[PDB]
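Coming up is one lone chain in structure tokens, specifically the form deposited in one PDB entry.
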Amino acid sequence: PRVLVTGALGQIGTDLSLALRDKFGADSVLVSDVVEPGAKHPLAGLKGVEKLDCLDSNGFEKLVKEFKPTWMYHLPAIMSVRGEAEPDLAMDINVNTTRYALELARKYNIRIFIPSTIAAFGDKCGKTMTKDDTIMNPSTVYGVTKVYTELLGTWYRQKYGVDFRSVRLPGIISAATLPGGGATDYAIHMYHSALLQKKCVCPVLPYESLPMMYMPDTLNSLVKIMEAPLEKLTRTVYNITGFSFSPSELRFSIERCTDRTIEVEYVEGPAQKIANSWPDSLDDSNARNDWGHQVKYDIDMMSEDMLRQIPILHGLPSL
């Protein structure tokens, strides 16, 4: 497998890029992003990490044509909250980069991964154990563009035989890289605002349950879905989930793990109406069945690791 990741320097890409370099050999992985990594970023100083604007279609084709990837994880998008404030940029990046990637996959025979999201859903979806197949009525421009992503990929599969694969990722939690302007960002800032002990102001309301998942489970599935023989895939897009929580539940979990009575001031934010139009939980039976999606981490295990890891990697108070 010769693998290319676009949008690599972000939350997902960072841990993805490292896990692919580790699993497959730093030689077999090329990675790229619009910016250059800064001084402290985990992929800084590493070979095979290019600067590439996915909107520059010639640059995109030239990187691909030279590297001859066989897999591609196409990760750039503008996410929910920031898309509502910069919608022109979200229409650009999430439609046009997506289109250039599908065309390069076709032209150059690439198995292509594009994440969708629970943001593709909206208030008519069936919010409890949402099925893979249901009414799609997202209420953010982000989700809108990702419904397009899902349908456009599936059409490329049908029309040209392009091996397009996707999963509707839920809230993904990690320590390495701080998230990129979505609603689930609160969780990770709570973990920090527990460490520094400063008042966590949480934009999301306390009992708003969302599907969520910890990064190593997320990394395991990203690869596993892409390892799978095409014949085992009954569809192109799949719900996967780790487990659901509310911000009062994260608060509690971190409150156990630390032995502290930490402060959260629930000052509602733009994220709130966004989250509320999302499902409380997904049915991911079809992924479990088709290609063996599996979770190990529960919410308490996640906190253990998280409070243990931010200090190492970022240098906040330890123990």
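Note that residue numbering begins at 1 and tracks the sequence as displayed. Rigid core here is just the name for the largest C-alpha set that superposes within 1.5 Å across the two forms.
As the entry records it, the average C-alpha temperature factor is higher for 194-202, out of 128-136 and 194-202. Per the PDB record, of the two stretches 289-297 and 253-261, 253-261 carries the greater mean B-factor over its C-alpha atoms.
Listed residues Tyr160, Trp71, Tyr100, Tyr186 were ranked by CA B-factor as deposited; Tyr186 comes out on top.
Among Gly171, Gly122, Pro115, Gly182, the highest C-alpha B-factor in the deposited entry belongs to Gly182. The entry lists a Cα temperature factor for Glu36 that places it in the highest third of the chain's modelled residues. Sort the chain's modelled residues by C-alpha temperature factor and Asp283 lands in the lowest third, per the entry. The deposited CA B-factor of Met79 belongs to the lowest third of values across its chain. When the CA B factors of the chain's modelled residues are split into thirds, the value for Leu233 lands in the middle one.
Residue-level temperature factors show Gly242 in the middle third of its chain, judged at the C-alpha atom.
There is also a form deposited in another entry; it is not shown, and the following applies to it.
Just one of the listed positions, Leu230, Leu196, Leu89, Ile135, moves its Cα by at least 2 Å between the shown form and the other one when the rigid core is held fixed, and it is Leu196.
For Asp280, a C-alpha deviation below 2 angstroms is recorded between the shown form and the other one after rigid-core alignment. Comparing the forms between the shown form and the other one, the C-alpha position of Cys54 differs by less than 2 angstroms, with the core used for superposition. Core-superposed comparison between the shown form and the other one: the Cα of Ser244 travels less than 2 Å.
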